[PDB]
Amino acid sequence: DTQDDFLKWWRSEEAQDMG
Amino acid sequence: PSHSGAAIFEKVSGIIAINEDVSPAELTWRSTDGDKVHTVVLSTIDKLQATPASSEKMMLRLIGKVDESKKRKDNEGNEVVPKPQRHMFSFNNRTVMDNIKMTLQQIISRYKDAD
């Protein structure tokens, strides 16, 4: 449940730079 | 110094410690108490990753190698990339991060470049 979000925020933070 | 640093793994805190006394260098997360020890031989690792500088939090990953399923695409096309089994370590120091980044990255790449 939590580890699942861990792979999400990693991409979320990446999509932030990839604007 | 340039092999270890206090990391957090499985909700418990400790140190991450890369050892090259042994057979292909292994990364060892051991809890602060020392009870929990998890060793990762880097020869089985494909990549490693870290938190982007835009993010304040400190994280390293150990991207373990995958099945040979890197094989060509499926009959239905699929276009598949084999999902890696990876490890994730939480730090709270950038120096540690960069050192652990480098330490893992280089040894891993020593198995890649193999020189």
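Put one equal scatterer on each alpha carbon of chain B, apply the Debye formula with no solvent term, and list log10 I(q)/I(0) at q = 0.14 1/Å to two decimals.
These q points yield log10 I(q)/I(0) values of -0.60.
Quick one: angle between helix B:94-113 and the longest Cα principal axis of chain B, in degrees between 0 and 90, rounded to 10, please.
Result, in degrees: 40.
So if I average 1/r over every pair of distinct C-alpha atoms in the protein assembly as shown and take the inverse, what Kirkwood radius in Å does that give?
On the way: mean 1/r = 0.0625 Å⁻¹.
Across the protein assembly as shown, the inverse of the average 1/r is 16.0 Å.
Can you put B:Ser4, A:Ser12 in order, fewest other beta carbons within 10 Å first? Don't skip to the answer; put the middle values down first.
On the way: B:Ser4 19, A:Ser12 11.
Final ranking by Cβ density, sparse to dense: A:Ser12, B:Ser4.
How would A:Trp10, B:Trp29 line up from fewest to most surrounding beta-carbon atoms within 10 angstrom?
Working: A:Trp10 17, B:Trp29 24.
With the fewest neighbours first, A:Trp10, B:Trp29 line up as A:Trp10, B:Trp29.
If R₀ is 22 angstrom, what is the calculated FRET efficiency for the pair B:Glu76 and B:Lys112, using the beta carbon separation as r and rounding to 0.05? All intermediate terms of the calculation are to be shown ahead of the outcome.
Values: r = 32 Å, r/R0 = 1.46.
Plugging the Cβ-Cβ distance into 1/(1 + (r/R0)^6) gives 0.10.
With charges only on Cβ, +1 for K and R and -1 for D and E, what is the dipole size of chain B about its Cα centre, in debye, rounded to 20? Walk me through the numbers on the way to the answer.
Numbers: 17 positive and 16 negative charges, 57 e Å.
With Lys and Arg at +1 and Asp and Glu at -1, about 280 debye.
To make sure I understand, if each residue's beta carbon is the centre and we count other beta carbons within 10 Å, what order do B:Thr32, B:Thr51 fall in, fewest to most? Numbers along the way, then the final one.
Values: B:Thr32 12, B:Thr51 20.
In order of increasing Cβ crowding within 10 Å: B:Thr32, B:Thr51.
Amide H neighbours of B:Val41 under 5 Å, at least 5 residues apart or on other chains, H built in the peptide plane: list them.
Under 5 Å from the amide H of B:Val41: B:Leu27.
Only the coordinates and a few stated rules stand behind these numbers; no lab work does. Here the Cβ is made from the backbone with ideal geometry for all residues, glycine too, and neighbour counts use every protein chain on show.
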